[PDB]
Structure formats: structure tokens, C-alpha cells
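For the record, the sequence lines run as chains A and B.
Position one of the first sequence corresponds to residue 516 (UniProt numbering), numbered consecutively onward.
So the second sequence is residues 721 to 725, 730 to 854, 859 to 1264, counted in UniProt numbering.
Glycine included, each C-beta is placed from N, C-alpha and C at the ideal position.
Everything below concerns the one structure shown next.
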Amino acid sequence: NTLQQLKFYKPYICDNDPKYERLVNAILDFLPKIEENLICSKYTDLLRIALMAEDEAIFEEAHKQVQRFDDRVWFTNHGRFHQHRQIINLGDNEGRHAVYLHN
Amino acid sequence: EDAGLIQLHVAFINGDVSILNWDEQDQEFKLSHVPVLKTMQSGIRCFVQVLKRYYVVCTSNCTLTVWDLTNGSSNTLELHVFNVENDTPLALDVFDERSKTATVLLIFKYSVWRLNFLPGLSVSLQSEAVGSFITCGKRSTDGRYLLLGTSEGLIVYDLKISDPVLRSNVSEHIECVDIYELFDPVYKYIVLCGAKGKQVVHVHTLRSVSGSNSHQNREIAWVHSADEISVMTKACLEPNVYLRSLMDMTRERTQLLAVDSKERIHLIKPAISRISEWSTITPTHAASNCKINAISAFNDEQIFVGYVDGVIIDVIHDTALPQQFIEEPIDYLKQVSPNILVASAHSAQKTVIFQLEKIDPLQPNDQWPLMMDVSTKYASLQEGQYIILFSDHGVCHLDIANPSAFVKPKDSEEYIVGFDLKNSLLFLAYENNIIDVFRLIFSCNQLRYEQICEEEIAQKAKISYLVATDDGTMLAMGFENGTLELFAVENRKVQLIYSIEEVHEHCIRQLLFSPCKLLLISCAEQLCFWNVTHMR
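Right under this line is the structure:
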């Protein structure tokens, strides 16, 4: 769930500016930070928590989607220093023993 | 290394009640000659001291014993153990080490024992006060600071050498199953990461202005008012208002905090309840026999309710104490009506009439526990068997109750449900992956191919509630054992936000809203920040 994603992110910055570049450099944060869930059922938090630290005009460009009727989501979820996190663990699964490598 | 001077050997004790040593300096085990000696009986936690001639041995009896490697086997010093009485039956805890060549480290239950050469009784330290003690951490390159705590399902504690300060914080909460915990050295640069029982990983930076966030925030309450949002936390009243970062800290050590309808402050003190305009001397009077677990206040000034550890229920400013005749109360509630229905552990609902009785509040319907809601004119009783509706004869006094809708649902019945506002219809939803909207009538279990009512894709255990909302459909809530979702009466639609972060929702799962006025929505678990979310 990522390195591939991540692996895309080194080459494909080919033509961009600090706007987009730090935008990704940021979004690198969500990548741990994002949680695994019911997948895309609850896609909702991600959009607005992309605005926590905002160099991005993304959600402003999402103004043509996120607001649509009663069908998909309505304007909520605001945050702006809410929900804390910066959390790197997306798994809900089982485990027994664990520990770090000394290197 | 007792051979070369290379590597660290491994030794343990089998069920043969004798010590077993393994000599490994390269690849495959050697086992040169004889073990040279054995060990009497068997312990649980055994390890070597700073001297290779002595081995500390701890048994399941939580006693301190030692068998010397050289100069005989059993010698002395069985004397002076601090506490032989455990809080819960267990074995002795994990023995530790220090970076010093003399001072060693140990931890026992809620206390930390720092030891030294000579027989013992040197240093005894505790970070602070508080389940059973199972998991514990440790550090090496970090400067040998000891991770520890009583139980700490929230905010695991770290102890710096010789000082009582907490530089660590946990916003991820945690669960408790196994013993595995530890922190990375960090190779130079500093930050920390570790794994625990929930099978997750905490990442934290010790840089910050102030600690001690432990006991200040656990649950979250809210001030009841009209279109005004004020939230409260642990350690009674901490002032909070809309779009303001102002925070004050004062702790009278409350158990569970409730709020009146007006600016009047309702609070709780150990072994008593208090009701006051503002809080200085906090005047009050109570006939209560023992400590009260929780206490709450109505909107109107009529009487009061709450569940105590015993029969007596205290009130203030009002006469005519309740009639009781019940072992201990469980589920309370608030009504603007003069009469108040109260659930009980004996599952006999009680009718409380203000400043008068003229009736006998004895109704032992069933032995299955009762939990109740209300719509408008009808009292809704949800039992462990069926759901029965009562028709109130009057708001002043309740004598007779006419049955309307009663039906026995499917096996593995749902715990608790909820109703809308300005509707007053019949709603019965099974607990696992299905929810159904019905019509009042007498009883209707029929759905079939006529219409499709919502859906349930997640919730299984501990279904909570639902309420009236804006134009489209209706909303359901609660973070317990899952998340909250949104669906449409005749169709399917989008659903709301995730449970904020942490699991194990706090005691009150109620959501903060005005039904037709809804703007702000507030939800949090433990350490979460300001919950404000609105619409444009």
C-alpha cells in the first residue's frame, strides 16, 4: 500500500513547481497518516484533512464535486487542527510478536 | 562471556528444576564438560547481576531469592521484601538492567525498584498513580530511560533517570493483549517509534513546552444551551467557547460531569453531589448513604434524578423525595413533563410524580432489562424480549397505560434503537448488517419487494441511535464497535465521516446537534482537539 505509489513520486515530478512539489512532499505525510478502513466507503475525511497544512489549491478545485446535491457528501468535516494523528499505522489486522531491527 | 574474555551466551531453566547453560561463541553449540552446578527448585524471572558469580532468581511466589554460582549454592538474603500481596494473582515482573556497572534496575507492579550492590533496599520510585500489569518497555541507547506504567490503555508513561517527568505522549490510545513493547535507538537523530498490544505503532517527538496531559482529559461533556457550543472535560470545568483557544485548569477530581440547561453549574464530588449557581463553597444537602457514581440535572427546576450505589436519591431546593422501592437504578433520562420514568436493574420501570404520589410505583413487568426512549405522546420501552408502547393519561400523573404495539423480533435481538422527531413512527432494526423502517399500525414485520429501506454495511454489535435531520432521509450515530453511516428511506446515498481516530468511545456517545437548526457537529474520543465542523 504505497512504495509503488511512492515510487511513482520520484520520477513523475518531471515538470512541476514548488506548489505541486511541496504538495506531494506534504502528501507523503498522509501516506502513513491515512488509515485503512472500510475502503472508499468512508472516503470522506481524507479530502478535508488534506487541508490540515495547506499549500494546496486542490480542495478549492474540488469545489465542482464535493458539494454536489444530496447524493454525495455535503460541506462538513472542517477540521483545521482537529483529529490529531500524524499516524503511520494503517493496519487493523492480527499480530502476536514484534520488535525493531538493531540497524 | 566466561570463556574467551566475543559474544553473549544463553541460559535457562527446564522442568528438570536444574539450571541449563549454553556456550556459543561462533556458529553451533558446544556444551563443554559439566554444568558444574545446578539450581534448587525453579523460578520465573532469572538474570545475571553485574558480577558473573551471582544470579538473581525470581519465582512465581513473588519473593526474592538467590543461588550463588560460586562459593556454595544457597547462601543468604531472603530477608525484607516490600509487599507479598499482589493486586491480582500473577507471577513476578520483568527484571531489567542499567548502563552502570553497579546500579541495577527492577520493576514490581505499580512500583519501580532501583537496586545496587550490597544486599538491597536502595532506591524506590513511582511516576504517579493509575488493570493488571503485563506489558513493559525499555531503552538502551536513549540513555536507559525506563518505559513503564500501572495499566495505561491511554498515554503510556516514560520515566527519565532520577527525575519524575513525562516527555512522552500517546494520541493513538492502545489496547492490551501481549507484553511486547520497545523503542528504536534512532541512530543519532531523535524521535521515537514503538509497537504494542493493539498491533499498531506509535510515533512521537519528545520536543514540547509542557507535559502532564494524562489526568486532565479522559471523557468529554457539553454545556446544554440554545445555539451555543461549550464543551467540558475531565477535572470538572475547563472553560471553552466558539473559536477561542483559551483554556483553564482546575481539578476538584470529579467522577462524571453533567450540565444543567442554564448557566447554573451541576457537578459531583467524591461521595456526594453538588448543585450551585457558581462554585465557591458549593452548598448542598443529601440523605445519600454511600458514594454516587453519576448525577445529572433536568431542564426544568423540578426535582432531580441519578443512579447511586444505593437506594437513596438526593435532590436540592425541592421537597418530596422519590418513593424508591428499588434495589439500584441503572438508566436515567430527562423530560420536561412533571412525570419522569426511570429504568431499573430489576427491570421494573418507576413513575416519579413531582411533589406528590397518590399512586404506587410498582410495575415488575419482566426480569429482562429495560431501556427506553420517547417520541411525543408515547413512552417507548425496549426490553430484552420485546418492545412495548404506553399511552400517557396525563403529564401530571401516570396511573394506567394502554398497550399499542408489541412484537417478538428475530433471535439475537438488537440492544438499543432510536426514533426521529416530528414523525413518531415504528422502527425496528436487527443488529447485524440490516436495518428496517416500519409503519406504526399494530405491528409490521413485512418488507419484501414493495420497497427497499436503507442498508447496513458495517455495524454488528452495540447499535446505538438515530435522529431527525435536514430534508434528505435520516441520520444514525455512535462510534461504539464501528462507525456511523447515512442511508436513504427509499434509496441509497452517501454516508458521513469516520469515527474520529481512537476506538473505545467514551461513556456518552450522544452527538451535539439542533435537529432543524443543525450547523456544528462535535465528536471526539479522548485527547482529540476542537471538534467544530460546520456548513456554508
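Just the chain B side, please: which residues come within less than 7 Å of residue i by C-beta, in chain order?
i: A:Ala565; result: Per Cβ cutoff of 7 Å: no residues; A:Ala565 is ~14 Å from chain B at best.
i: A:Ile603; result: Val929, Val931
i: A:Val588; result: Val1222
i: A:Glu609; result: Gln927
i: A:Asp560; result: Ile1225, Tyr1226
With DSSP as the reference, identify every bridge partner of residue i, one or two as the case may be.
i: A:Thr559; result: Per DSSP, none; premise fails for A:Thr559.
i: B:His930; result: B:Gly922
i: B:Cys770; result: B:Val781
i: B:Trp746; result: B:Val734
i: B:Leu830; result: B:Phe819, B:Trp837
i: B:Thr1079; result: B:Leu1069
i: B:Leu1203; result: B:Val1195, B:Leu1214
i: B:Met1263; result: In the DSSP output, where bridge partners are listed per residue, B:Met1263 has none listed.
i: A:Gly594; result: Partner(s): none; A:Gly594 has no beta bridge.
i: B:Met764; result: Paired residues: none, contrary to the question.
i: B:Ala1133; result: Looking at the DSSP assignment, B:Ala1133 forms no beta bridge with any residue, so it has no partner.
i: B:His994; result: B:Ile1003
i: B:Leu876; result: B:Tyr885
i: B:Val959; result: B:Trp950
i: B:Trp791; result: B:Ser798
i: B:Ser1119; result: B:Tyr1106
i: B:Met1100; result: B:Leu1109
i: B:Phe1155; result: B:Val1165
i: B:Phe911; result: B:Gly922
i: B:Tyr1035; result: B:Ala1022
List the residues of chain B that residue i touches, going by C-beta distances under 9 Å, in chain order.
i: A:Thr591; result: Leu1224, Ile1225, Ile1249, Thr1261, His1262, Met1263
i: A:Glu569; result: Simply none; closest approach about 16 Å.
i: A:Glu575; result: Those do not exist, as A:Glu575 stays about 13 Å from chain B at its closest Cβ, beyond 9 Å.
i: A:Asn540; result: Residues of chain B passing the Cβ test: none, with the nearest at roughly 18 Å.
i: A:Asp544; result: The premise fails here: A:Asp544 is roughly 12 Å from chain B at the closest Cβ pair, so nothing lies under 9 Å.
Would you check if the distance between the CB atom of residue i and the CB atom of residue j is smaller than 7 Å?
i: B:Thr961; j: B:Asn945; result: yes
i: B:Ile1236; j: B:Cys1251; result: no
i: B:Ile1040; j: B:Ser1004; result: no
i: B:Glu1208; j: B:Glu1184; result: no
i: B:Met1099; j: B:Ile1068; result: no
i: B:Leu1224; j: B:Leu1239; result: no
i: B:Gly1206; j: B:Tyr1193; result: yes
i: B:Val905; j: B:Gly925; result: yes
i: B:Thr878; j: B:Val893; result: no
i: B:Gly859; j: B:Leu875; result: no
i: B:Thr1104; j: B:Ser1065; result: no
i: B:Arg979; j: B:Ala963; result: yes
i: B:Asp1046; j: B:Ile1031; result: yes
i: residue 728 of chain B; j: B:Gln1091; result: Gap note for chain B: numbering proceeds from 725 to 730 with nothing in between, so residue 728 of chain B has no coordinates.
i: B:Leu788; j: B:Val774; result: no
i: B:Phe736; j: B:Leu744; result: yes
i: B:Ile1116; j: B:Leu1109; result: yes
i: A:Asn604; j: B:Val929; result: yes
i: B:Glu1142; j: B:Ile1191; result: yes
Residues of chain A with CB under 7 Å from residue i, in chain order?
i: B:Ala923; result: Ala613
i: B:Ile1185; result: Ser556
i: B:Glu1229; result: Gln598, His599, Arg600
i: B:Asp912; result: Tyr615
Which chain B residues sit within Cβ distance under 8 Å of residue i?
i: A:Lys557; result: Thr1211, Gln1223, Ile1225, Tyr1226
i: A:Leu553; result: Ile1185, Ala1186, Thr1211
Give me the Cβ distance between residue i and residue j, rounded to the nearest whole Å; I'm assuming they're in contact under 8 Å.
i: B:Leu1156; j: B:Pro1137; result: 6 Å
i: B:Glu1182; j: B:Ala1216; result: 7 Å
i: B:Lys1188; j: B:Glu1159; result: 7 Å
i: B:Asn840; j: B:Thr827; result: 5 Å
Closer than 8 Å by beta-carbon distance: list the chain A residues that pair up with residue i, in chain order.
i: B:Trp1258; result: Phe596, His597
i: B:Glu900; result: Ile602, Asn604
i: B:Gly1200; result: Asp585
i: B:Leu1255; result: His599
i: B:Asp906; result: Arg611, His612
Given that residue i touches chain A, what residues does it touch there, using C-beta distances under 9 Å?
i: B:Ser1171; result: Residues of chain A passing the Cβ test: none, with the nearest at roughly 32 Å.
i: B:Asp1059; result: By Cβ distance, chain A contributes nothing, its closest Cβ being about 31 Å from B:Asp1059, past 9 Å.
Inter-stretch contact at 8 Å, needing at least 3 Cβ pairs: the region 735 to 749 of chain B / the region 765 to 775 of chain B: yes
Meets three-Cβ-pair contact criterion under 8 Å: the region 537 to 545 of chain A and the region 559 to 578 of chain A: yes
Sufficient close CB pairs (3 or more, under 8 Å) joining the region 753 to 761 of chain B to the region 773 to 784 of chain B: no
The region 1211 to 1228 of chain B / the region 919 to 938 of chain B touching (three or more Cβ pairs under 8 Å): no
The region 1016 to 1034 of chain B contacting the region 980 to 989 of chain B, beta-carbon criterion three pairs below 8 Å: yes
Inter-stretch contact (C-beta, 8 Å, three-pair minimum) for the region 584 to 598 of chain A and the region 910 to 922 of chain B: no
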